[PDB]
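*Asks:* Sharing an experimental structure here, sequence included.
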Amino acid sequence: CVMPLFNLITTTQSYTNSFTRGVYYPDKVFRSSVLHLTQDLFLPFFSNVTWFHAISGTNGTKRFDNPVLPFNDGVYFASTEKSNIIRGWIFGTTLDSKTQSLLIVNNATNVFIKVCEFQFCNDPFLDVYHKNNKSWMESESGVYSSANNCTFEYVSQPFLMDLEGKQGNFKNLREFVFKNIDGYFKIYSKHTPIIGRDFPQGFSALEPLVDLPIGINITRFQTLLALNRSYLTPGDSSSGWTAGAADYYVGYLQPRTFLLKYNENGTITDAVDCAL
Amino acid sequence: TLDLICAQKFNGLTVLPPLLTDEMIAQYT
Amino acid sequence: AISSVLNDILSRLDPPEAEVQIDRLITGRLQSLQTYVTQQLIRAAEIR
Amino acid sequence: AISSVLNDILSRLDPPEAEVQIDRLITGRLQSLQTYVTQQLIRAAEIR
Amino acid sequence: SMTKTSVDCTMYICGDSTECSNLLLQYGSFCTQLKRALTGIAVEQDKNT
Amino acid sequence: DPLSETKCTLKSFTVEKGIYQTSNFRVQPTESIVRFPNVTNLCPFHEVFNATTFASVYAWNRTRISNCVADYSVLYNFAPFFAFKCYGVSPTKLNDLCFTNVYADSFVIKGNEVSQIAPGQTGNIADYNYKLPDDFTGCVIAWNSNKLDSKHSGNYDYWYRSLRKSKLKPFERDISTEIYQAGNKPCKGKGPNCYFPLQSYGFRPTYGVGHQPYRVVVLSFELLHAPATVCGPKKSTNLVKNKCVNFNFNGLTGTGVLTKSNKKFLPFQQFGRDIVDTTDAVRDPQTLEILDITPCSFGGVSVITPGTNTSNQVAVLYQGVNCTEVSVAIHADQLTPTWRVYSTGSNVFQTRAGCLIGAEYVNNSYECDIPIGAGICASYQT
Amino acid sequence: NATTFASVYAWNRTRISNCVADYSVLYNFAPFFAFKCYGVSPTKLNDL
Ligand SMILES: *[C@@H]1O[C@H](CO)[C@@H](O[C@@H]2O[C@H](CO)[C@@H](O)[C@H](O)[C@H]2NC(C)=O)[C@H](O)[C@H]1NC(C)=O
Ligand SMILES: *[C@@H]1O[C@H](CO)[C@@H](O[C@@H]2O[C@H](CO)[C@@H](O)[C@H](O)[C@H]2NC(C)=O)[C@H](O)[C@H]1NC(C)=O
Ligand SMILES: *[C@@H]1O[C@H](CO)[C@@H](O[C@@H]2O[C@H](CO)[C@@H](O)[C@H](O)[C@H]2NC(C)=O)[C@H](O)[C@H]1NC(C)=O
Ligand SMILES: *[C@@H]1O[C@H](CO)[C@@H](O)[C@H](O)[C@H]1NC(C)=O
Ligand SMILES: *[C@@H]1O[C@H](CO)[C@@H](O)[C@H](O)[C@H]1NC(C)=O
Ligand SMILES: *[C@@H]1O[C@H](CO)[C@@H](O)[C@H](O)[C@H]1NC(C)=O
Ligand SMILES: *[C@@H]1O[C@H](CO)[C@@H](O)[C@H](O)[C@H]1NC(C)=O
Ligand SMILES: *[C@@H]1O[C@H](CO)[C@@H](O)[C@H](O)[C@H]1NC(C)=O
Ligand SMILES: *[C@@H]1O[C@H](CO)[C@@H](O)[C@H](O)[C@H]1NC(C)=O
Ligand SMILES: *[C@@H]1O[C@H](CO)[C@@H](O)[C@H](O)[C@H]1NC(C)=O
Ligand SMILES: *[C@@H]1O[C@H](CO)[C@@H](O)[C@H](O)[C@H]1NC(C)=O
């Protein structure tokens, strides 16, 4: 839990429109060429989501924005980045060793999901650095100091996510939905390539990624950002920790009734927000 | 012009053909 | 049911015990609505 | 009832406990059939 | 005319379930009535044409 | 025979000329098939039920049971079964279902407090220690543990919550040690209007049976057919296609023919439902195959009589079914009304109204006598 | 908390009226071996 002194900038919460993003598959049932009315926790159409930036400035000031946010009934997270600065999230009520806390982290080789009474630091983060100027790798020493009374551990999803490159814009529109229903933490996800720069207009249903039966109380969450020990920007001799450019939007799920359109192919191609 | 039809036929709900075919109605007309 | 007022049943019972009275009232009122609509349909046929 | 599938109710309960759910389903489906037939009779009167 | 339909009570209500059919026998001749009404409707459709 | 079924439908020994919708035909399943996943490792029920130490009731121990075959015959071995109350599921059927997950809530209470462990119950343990949901489905097993949870000097390691500000919500665990406050005066320690919420049980062997320690395990189930996961010990059999069978896919029971499907299920999708919420396709637990389910052929059966005084001969119409499927059903004695009408080869005619057996299709045209349908009529003629 | 209680065959009848019924007092001096409320939810007793 050692954090080198930085000229940290206070987080500024911009606002923008959700358009028609945030629609996922409510269930595991296959449907074809149908219009399904479903009541579920959705991100309402043209909802009004918060925008945060995580960047390092050219004047030495680095915007390391990891504010603690409420979870409410669920969270929709949208992310655009090139160096995978966003690496995971923390979930819990008190975020200390008193209560069990959930932690999802990218290990850069696998995906770690733990449920323990972690002794999180003030601003937990993942320490990525270059050993022997030969091996880039990540460490979790900056996230928590100790772990005790662990109840769930899951090392899986050996996927590097963004692998095609940065053709259009980072090809890394990472959209996730986190829900907590009946002790089930459900993660839905979609990796949409970006036709444009930020938040393109369009429709893309979010296929479920992983349903963890952790069965813990979650009310608050926080993003985790990766800090690299210099040698990211060519031509810069400033020996210090630097973070790449990343943008992330957060919206909140609410109980809505949606009319989803399944084409003949099993995929949701359009949706109507009944209360809009 | 006159799957929903298969699903209806799948739980006891059948449709009976009319006694006069469209050809006989056309003949009468 | 114990009473014909939904607020009374909701105030005097826990949900598991309230659903029985709520269901008796729902069945009775569904039947009344169905009877009204059927009589209206027959009368509207006569008026047509 | 606990479920709308007769096979599920028959598989998850002993007969004495299953008859309650079976009877709820029978009542609901009898009502649906009666409503369908009454509407068909009124419509057939109009068509006649 | 209109479409002639036929409905099977046992299949619609208690589809291939013996326990449910035995319980349904306790409601009397509701299905004889439903079947008779539907048959009358169908014969009337043919008469209309 | 068909004429007797007509007579019983009309409740008369005399039948007039006409066509009578007598009964319904159904083809019957020939085999029963069960498909269950790879799983063979038994669930760790012994670990939960035979644990060396059990947590306190106010801190009830939650154990997750998943990805294993749940053989409940082990439960009968090491348990006297003081209480075996299964709520929402028949215990004798526990070996036949697949449950999405199993949750084992193990704790120790007093003997007389066993009845409080049930939905809708009231009491100290029910309201302040462990509360079951109103729509709880699962089982509750309670058995005496005096020989292992009692001490001569008193077993004070077990504590129960006696006082709390509000009643515990379902599946809510309270471990706070804050001193209970009665009124508005704040509590800074033991004294007036201040009491410790946790009270030690002090189990002793010399105590009565109603006060003896009892180990209670609540098995909570979520009976959903999409995730499957944990089912009981049924030996899965081979899969047969294009044959009306009784299929059991991971607890989902049904009857029909399973055929190869062109439907493309997304990896997370386990089954498909038609527009009116009827199961249309399913996924094989073993071969990961998409199988279209079609219900076994069925329809109405009408009897055409020329009048019982004119003749005792009848014709039979199987409504809305090909003559080939009917003939196959007779050849495999699958049809439900088992009074098969003798077929001569010329007896069978294919109408748009169904399959007609027992009438000879002549090429002439006459005025309609008994309306069969789709322009076809039948009459008693030379 | 009466000093003497009447016999069961001569059960003692007491009239409670014209007062505010605060049932939180009942939880103070009672171990509550049985608290069976029939026709009313006990947790709602403070609201009626
Ligand atoms: C549903 O998926 C199928 C199978 O992938 C798609 O069918 C293909 O369509 C393309 C584009 O016309 C053809 O080149 C292929 O030959 C088709 N494959 C077949 C017929 O097996 C179909 O287009 C998809 N439906 C959509 C996207 O609406
Ligand atoms: C409830 O108790 C069980 C044992 O009765 C615990 O299960 C153990 O969990 C640990 C976690 O490190 C495993 O190493 C053991 O193998 C498990 N089994 C046994 C027999 O010890 C379980 O963790 C407890 N749950 C809670 C919430 O306390
Ligand atoms: C039941 O017992 C109560 C006391 O438990 C009696 O109430 C008393 O009634 C007398 C009547 O003269 C009053 O003076 C007292 O103040 C009351 N209270 C007490 C605490 O003694 C009541 O009368 C008894 N009822 C019957 C029918 O015997
Ligand atoms: C979005 O929130 C902002 C906060 O400034 C408010 O002005 C605006 O009305 C909100 N828009 C919608 C669509 O809710
Ligand atoms: C979850 O934690 C929050 C914050 O501590 C608390 O208010 C809430 O009651 C908890 N939920 C449950 C079900 O215990
Ligand atoms: C990350 O993956 C490595 C192998 O690539 C593994 O040994 C390690 O335990 C994982 N977790 C870490 C470093 O926290
Ligand atoms: C873990 O459980 C033990 C045993 O109940 C308890 O004493 C301790 O406070 C818990 N938490 C940690 C962080 O060890
Ligand atoms: C219960 O029995 C199992 C299986 O033999 C054993 O491993 C375990 O230690 C026992 N628990 C006790 C005796 O508390
Ligand atoms: C079960 O095992 C078979 C081989 O015996 C395998 O093909 C199949 O995929 C397995 N089922 C699963 C993984 O669900
Ligand atoms: C009966 O089956 C044959 C062969 O499968 C088929 O060609 C024919 O169309 C079917 N009959 C009708 C009336 O569709
Ligand atoms: C019950 O308590 C009240 C209030 O202190 C007191 O007046 C009464 O005498 C007590 N009754 C007994 C001790 O029988």
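*Replies:* All right, it came through fine. Residues are numbered from 1 along each chain as shown, chains lettered A, B, ... in the order given. Ligands and ions are numbered 1, 2, ... in the order given.

*Asks:* which stretches of chain E form helices?
*Replies:* Secondary structure of chain E (DSSP state H): helices at E:9-14, E:18-24, E:30-48.

*Asks:* contacting residues for the residue in chain E that ligand 7 sits nearest to?
*Replies:* Using Cβ to the nearest ligand atom, the closest approach of chain E to ligand 7 is made by residue E:19 at 49.8 Å. (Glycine included, C-beta is placed from N, CA and C.) Neighbour list for residue E:19: D:10, D:15, D:18-19, D:22 [criterion: Cβ atoms under 8 Å, 6 or more residues apart in numbering or on different chains].

*Asks:* between those, which is nearest residue D:40?
*Replies:* residue D:22 (26.4 Å; Cβ to Cβ).

*Asks:* Do I have it right that the closest one meets residue E:23?
*Replies:* Yes. Between residue D:22 and residue E:23 there is a contact under Cβ atoms under 8 Å: 5.5 Å.

*Asks:* Residue nearest the middle of chain B, spatially speaking?
*Replies:* Nearest residue to the geometric centre of chain B (Cα atoms, centre = their mean): residue B:17, 4.4 Å.

*Asks:* Pull the number of nearby residues for the residue nearest to that one when sequence neighbours are not counted.
*Replies:* Nearest residue to residue B:17, sequence neighbours excluded (Cβ to Cβ, 6 or more residues apart in numbering or on different chains): residue F:374, at 4.4 Å. Other residues near residue F:374 number 16, with proximity taken as other Cβ atoms under 10 Å in any protein chain shown.

*Asks:* Please apply the same query to residue C:47.
*Replies:* 6.

*Asks:* Kindly provide the distance from it to residue C:40.
*Replies:* 10 Å (Cβ to Cβ, to the nearest Å).

*Asks:* Spell out which parts of chain C neighbour ligand 7.
*Replies:* Residues of chain C lying close to ligand 7 (Cβ under 6 Å from any ligand atom): none.

*Asks:* ok, which stretches of chain C are helices?
*Replies:* Shown for chain C, the helices assigned by DSSP H span residues C:6-12, C:15-47.

*Asks:* and those helices, which is most packed in?
*Replies:* helix C:6-12 (a mean of 15; mean count of other Cβ atoms under 10 Å in any protein chain shown).

*Asks:* could you dump that helix to PDB, C-alpha only?
*Replies:* Provided in PDB are the C-alpha atoms of helix C:6-12 (Å, rounded to 0.1, in the frame of the first residue of the first chain):
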ATOM      1  CA  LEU C   6     -57.300  -4.600   0.200                       C
ATOM      2  CA  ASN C   7     -55.700  -2.000   2.500                       C
ATOM      3  CA  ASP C   8     -57.200  -3.800   5.600                       C
ATOM      4  CA  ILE C   9     -55.800  -7.200   4.500                       C
ATOM      5  CA  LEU C  10     -52.400  -5.700   3.700                       C
ATOM      6  CA  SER C  11     -52.300  -3.900   7.100                       C
ATOM      7  CA  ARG C  12     -53.500  -6.900   9.300                       C
END
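
*Asks:* who does it touch, helix- and strand-wise?
*Replies:* Packing partners of helix C:6-12 (3 or more Cβ pairs under 8 Å, 6 or more residues apart in numbering or on different chains; DSSP states H and E): helix C:15-47.

*Asks:* The helix it packs on near chain E anywhere?
*Replies:* No. Judged by Cβ under 8 Å from any Cβ of the partner chain, helix C:15-47 stays clear of chain E, getting no closer than 14.0 Å.

*Asks:* circling back: what's the overlap in contacts for residue D:22 and residue E:23?
*Replies:* residue E:14.

*Asks:* near chain F, which residues of chain B show up?
*Replies:* Close to chain F, as judged by Cβ under 8 Å from any Cβ, chain B has residues B:3-4, B:6-7, B:9-12, B:14-21, B:23-24.
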